[PDB]
$ cat structure09.pdb   # PDB, C-alpha atoms
ATOM      1  CA  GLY A   1      57.988 120.735  91.260  1.00  0.00           C
ATOM      2  CA  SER A   2      61.452 119.210  90.954  1.00  0.00           C
ATOM      3  CA  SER A   3      61.000 115.501  90.242  1.00  0.00           C
ATOM      4  CA  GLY A   4      63.549 114.721  92.938  1.00  0.00           C
ATOM      5  CA  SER A   5      65.092 116.682  95.801  1.00  0.00           C
ATOM      6  CA  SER A   6      68.024 119.073  96.193  1.00  0.00           C
ATOM      7  CA  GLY A   7      71.300 117.235  95.679  1.00  0.00           C
ATOM      8  CA  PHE A   8      74.893 118.098  94.806  1.00  0.00           C
ATOM      9  CA  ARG A   9      77.770 115.936  93.576  1.00  0.00           C
ATOM     10  CA  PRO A  10      80.098 114.451  96.226  1.00  0.00           C
ATOM     11  CA  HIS A  11      83.017 116.827  96.783  1.00  0.00           C
ATOM     12  CA  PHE A  12      85.740 116.105  99.339  1.00  0.00           C
ATOM     13  CA  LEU A  13      86.428 119.373 101.161  1.00  0.00           C
ATOM     14  CA  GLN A  14      89.352 118.057 103.208  1.00  0.00           C
ATOM     15  CA  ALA A  15      91.324 115.047 101.979  1.00  0.00           C
ATOM     16  CA  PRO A  16      94.315 113.317 103.624  1.00  0.00           C
ATOM     17  CA  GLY A  17      97.739 112.763 102.092  1.00  0.00           C
ATOM     18  CA  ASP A  18     100.940 110.958 103.042  1.00  0.00           C
ATOM     19  CA  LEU A  19     101.143 110.130 106.749  1.00  0.00           C
ATOM     20  CA  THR A  20     103.672 108.114 108.750  1.00  0.00           C
ATOM     21  CA  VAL A  21     102.988 105.694 111.605  1.00  0.00           C
ATOM     22  CA  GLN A  22     105.345 103.260 113.330  1.00  0.00           C
ATOM     23  CA  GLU A  23     104.067  99.678 113.264  1.00  0.00           C
ATOM     24  CA  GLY A  24     101.960  98.943 116.330  1.00  0.00           C
ATOM     25  CA  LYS A  25     100.742 102.529 116.590  1.00  0.00           C
ATOM     26  CA  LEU A  26      97.438 104.386 116.249  1.00  0.00           C
ATOM     27  CA  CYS A  27      96.441 105.513 112.755  1.00  0.00           C
ATOM     28  CA  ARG A  28      93.551 107.970 112.497  1.00  0.00           C
ATOM     29  CA  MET A  29      92.141 109.410 109.270  1.00  0.00           C
ATOM     30  CA  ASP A  30      89.662 112.232 108.668  1.00  0.00           C
ATOM     31  CA  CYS A  31      87.758 113.134 105.502  1.00  0.00           C
ATOM     32  CA  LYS A  32      84.794 115.412 104.795  1.00  0.00           C
ATOM     33  CA  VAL A  33      82.467 115.098 101.803  1.00  0.00           C
ATOM     34  CA  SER A  34      79.738 117.495 100.675  1.00  0.00           C
ATOM     35  CA  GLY A  35      76.555 116.269  99.017  1.00  0.00           C
ATOM     36  CA  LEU A  36      72.893 115.364  99.447  1.00  0.00           C
ATOM     37  CA  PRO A  37      70.861 113.732 100.496  1.00  0.00           C
ATOM     38  CA  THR A  38      73.907 111.734 101.591  1.00  0.00           C
ATOM     39  CA  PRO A  39      76.966 110.750  99.514  1.00  0.00           C
ATOM     40  CA  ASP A  40      77.861 107.117 100.196  1.00  0.00           C
ATOM     41  CA  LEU A  41      81.581 106.326 100.094  1.00  0.00           C
ATOM     42  CA  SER A  42      83.418 103.001 100.292  1.00  0.00           C
ATOM     43  CA  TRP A  43      86.989 102.281 101.387  1.00  0.00           C
ATOM     44  CA  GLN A  44      89.315 100.314  99.110  1.00  0.00           C
ATOM     45  CA  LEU A  45      92.798  98.975  99.846  1.00  0.00           C
ATOM     46  CA  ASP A  46      94.973  97.811  96.951  1.00  0.00           C
ATOM     47  CA  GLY A  47      91.985  97.557  94.629  1.00  0.00           C
ATOM     48  CA  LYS A  48      89.985  95.627  97.216  1.00  0.00           C
ATOM     49  CA  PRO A  49      86.958  96.328  99.452  1.00  0.00           C
ATOM     50  CA  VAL A  50      88.396  96.904 102.927  1.00  0.00           C
ATOM     51  CA  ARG A  51      86.134  95.718 105.744  1.00  0.00           C
ATOM     52  CA  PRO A  52      86.108  97.018 109.345  1.00  0.00           C
ATOM     53  CA  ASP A  53      87.605  94.593 111.864  1.00  0.00           C
ATOM     54  CA  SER A  54      88.848  94.503 115.458  1.00  0.00           C
ATOM     55  CA  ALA A  55      91.735  96.579 114.112  1.00  0.00           C
ATOM     56  CA  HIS A  56      90.096  98.584 111.326  1.00  0.00           C
ATOM     57  CA  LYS A  57      87.299 100.788 112.666  1.00  0.00           C
ATOM     58  CA  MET A  58      85.155 102.893 110.335  1.00  0.00           C
ATOM     59  CA  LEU A  59      83.262 105.936 111.611  1.00  0.00           C
ATOM     60  CA  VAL A  60      80.057 107.412 110.189  1.00  0.00           C
ATOM     61  CA  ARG A  61      78.714 110.794 111.297  1.00  0.00           C
ATOM     62  CA  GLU A  62      75.345 112.388 110.535  1.00  0.00           C
ATOM     63  CA  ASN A  63      76.964 115.090 108.402  1.00  0.00           C
ATOM     64  CA  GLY A  64      78.747 112.934 105.843  1.00  0.00           C
ATOM     65  CA  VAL A  65      82.029 113.052 107.748  1.00  0.00           C
ATOM     66  CA  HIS A  66      83.990 109.796 107.619  1.00  0.00           C
ATOM     67  CA  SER A  67      87.120 108.387 109.262  1.00  0.00           C
ATOM     68  CA  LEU A  68      89.205 105.208 109.151  1.00  0.00           C
ATOM     69  CA  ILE A  69      91.107 104.237 112.298  1.00  0.00           C
ATOM     70  CA  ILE A  70      93.562 101.340 112.482  1.00  0.00           C
ATOM     71  CA  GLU A  71      95.185  99.768 115.542  1.00  0.00           C
ATOM     72  CA  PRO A  72      97.383  98.036 115.786  1.00  0.00           C
ATOM     73  CA  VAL A  73      99.031  98.888 112.466  1.00  0.00           C
ATOM     74  CA  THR A  74     100.779  96.359 110.228  1.00  0.00           C
ATOM     75  CA  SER A  75     103.087  96.672 107.221  1.00  0.00           C
ATOM     76  CA  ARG A  76     100.234  95.591 104.951  1.00  0.00           C
ATOM     77  CA  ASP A  77      98.268  98.629 106.124  1.00  0.00           C
ATOM     78  CA  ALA A  78     100.577 100.784 104.005  1.00  0.00           C
ATOM     79  CA  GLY A  79      99.281 101.390 100.494  1.00  0.00           C
ATOM     80  CA  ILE A  80      96.911 103.485  98.396  1.00  0.00           C
ATOM     81  CA  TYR A  81      93.437 103.938  99.875  1.00  0.00           C
ATOM     82  CA  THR A  82      91.002 104.752  97.068  1.00  0.00           C
ATOM     83  CA  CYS A  83      87.572 105.950  98.191  1.00  0.00           C
ATOM     84  CA  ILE A  84      84.628 106.554  95.861  1.00  0.00           C
ATOM     85  CA  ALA A  85      81.736 108.744  97.005  1.00  0.00           C
ATOM     86  CA  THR A  86      78.529 108.219  95.029  1.00  0.00           C
ATOM     87  CA  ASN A  87      75.626 110.619  95.561  1.00  0.00           C
ATOM     88  CA  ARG A  88      72.207 110.959  93.929  1.00  0.00           C
ATOM     89  CA  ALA A  89      73.927 113.762  92.016  1.00  0.00           C
ATOM     90  CA  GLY A  90      77.071 112.020  90.807  1.00  0.00           C
ATOM     91  CA  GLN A  91      80.234 110.267  91.960  1.00  0.00           C
ATOM     92  CA  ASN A  92      83.763 111.204  93.028  1.00  0.00           C
ATOM     93  CA  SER A  93      87.011 109.576  94.154  1.00  0.00           C
ATOM     94  CA  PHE A  94      90.469 110.377  95.523  1.00  0.00           C
ATOM     95  CA  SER A  95      93.861 108.791  96.190  1.00  0.00           C
ATOM     96  CA  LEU A  96      96.159 108.798  99.222  1.00  0.00           C
ATOM     97  CA  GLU A  97      99.359 107.245 100.569  1.00  0.00           C
ATOM     98  CA  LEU A  98     100.271 105.783 103.960  1.00  0.00           C
ATOM     99  CA  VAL A  99     103.794 105.116 105.228  1.00  0.00           C
ATOM    100  CA  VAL A 100     104.439 102.613 108.017  1.00  0.00           C
ATOM    101  CA  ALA A 101     107.836 102.475 109.720  1.00  0.00           C
ATOM    102  CA  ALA A 102     108.643  99.069 111.208  1.00  0.00           C
ATOM    103  CA  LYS A 103     109.375  98.836 114.934  1.00  0.00           C
ATOM    104  CA  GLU A 104     112.917  99.290 116.243  1.00  0.00           C
ATOM    105  CA  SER A 105     113.402  95.638 117.189  1.00  0.00           C
ATOM    106  CA  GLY A 106     116.568  95.280 119.244  1.00  0.00           C
ATOM    107  CA  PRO A 107     118.220  93.878 122.390  1.00  0.00           C
ATOM    108  CA  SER A 108     117.493  97.242 124.007  1.00  0.00           C
ATOM    109  CA  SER A 109     114.508  98.034 126.228  1.00  0.00           C
ATOM    110  CA  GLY A 110     112.342 100.864 124.933  1.00  0.00           C
TER     111      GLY A 110
END
$ encode --input "structure09.pdb" --output "structure tokens"
Amino acid sequence: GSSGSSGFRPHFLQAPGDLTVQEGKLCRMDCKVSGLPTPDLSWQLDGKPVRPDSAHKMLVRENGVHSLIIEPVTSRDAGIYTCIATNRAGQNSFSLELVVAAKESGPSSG
């Protein structure tokens, strides 16, 4: 029948926004995308392909759910993460902001 198989455009059900994390802290991110057979999304930081490293850890579930964890967190981590989900149906994207408050460096012991 249908040349291909059932498939719907990539739609982000739950998208993040503007979070705040003090430098040297844990930064977790959650995002759900609907689509079939499986909408592939890529992370982008400041118009650049962000790659997972000892600090940046990308998660991939078997339901399309994705997450980007960072630790420690630097000042450069703050910016606009633009992700683009492309599925056999179509393609989608979204924007987000991340605030990072520097550490309280001082002669005091915290």
$ atom_distance --input "structure09.pdb" --atom1 "CA of residue 53 in chain A" --atom2 "CA of residue 70 in chain A"
9.0 Å
$ resolve_selection --input "structure09.pdb" --expression "the PyMOL selection byres ((chain A and resi 82) around 9)" --output "CSV table (one decimal) with C-alpha atoms, keeping the file's coordinate frame"
chain,number,residue,atom,x,y,z
A,42,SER,CA,83.4,103.0,100.3
A,43,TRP,CA,87.0,102.3,101.4
A,44,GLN,CA,89.3,100.3,99.1
A,45,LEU,CA,92.8,99.0,99.8
A,46,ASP,CA,95.0,97.8,97.0
A,47,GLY,CA,92.0,97.6,94.6
A,80,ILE,CA,96.9,103.5,98.4
A,81,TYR,CA,93.4,103.9,99.9
A,83,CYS,CA,87.6,106.0,98.2
A,84,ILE,CA,84.6,106.6,95.9
A,93,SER,CA,87.0,109.6,94.2
A,94,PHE,CA,90.5,110.4,95.5
A,95,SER,CA,93.9,108.8,96.2
A,96,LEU,CA,96.2,108.8,99.2
$ resolve_selection --input "structure09.pdb" --expression "the PyMOL selection byres ((chain A and resi 92) around 10)" --output "ChimeraX atom specification"
/A:9-12,33,39,41,83-87,90-91,93-94
$ resolve_selection --input "structure09.pdb" --expression "the PyMOL selection byres ((chain A and resi 29) around 7)" --output "number ranges by chain"
A: 27-28, 30-31, 67-69
$ closest_residue --input "structure09.pdb" --among "A:22, A:100, A:3, A:110" --to "residue 79 in chain A" --atoms "all atoms listed in the file"
A:100
$ closest_residue --input "structure09.pdb" --among "A:32, A:76, A:61, A:56" --to "residue 99 in chain A" --atoms "all atoms listed in the file"
A:76
$ atom_distance --input "structure09.pdb" --atom1 "CA of residue 57 in chain A" --atom2 "CA of residue 40 in chain A"
16.9 Å
$ atom_distance --input "structure09.pdb" --atom1 "CA of residue 14 in chain A" --atom2 "CA of residue 88 in chain A"
20.7 Å
$ closest_residue --input "structure09.pdb" --among "A:106, A:51, A:63, A:77" --to "residue 37 in chain A" --atoms "only C-alpha atoms"
A:63
$ closest_residue --input "structure09.pdb" --among "A:49, A:8, A:13, A:23" --to "residue 105 in chain A" --atoms "all atoms listed in the file"
A:23
$ closest_residue --input "structure09.pdb" --among "A:7, A:52, A:72, A:17" --to "residue 35 in chain A" --atoms "all atoms listed in the file"
A:7
$ closest_residue --input "structure09.pdb" --among "A:1, A:107, A:71, A:89" --to "residue 21 in chain A" --atoms "all atoms listed in the file"
A:71
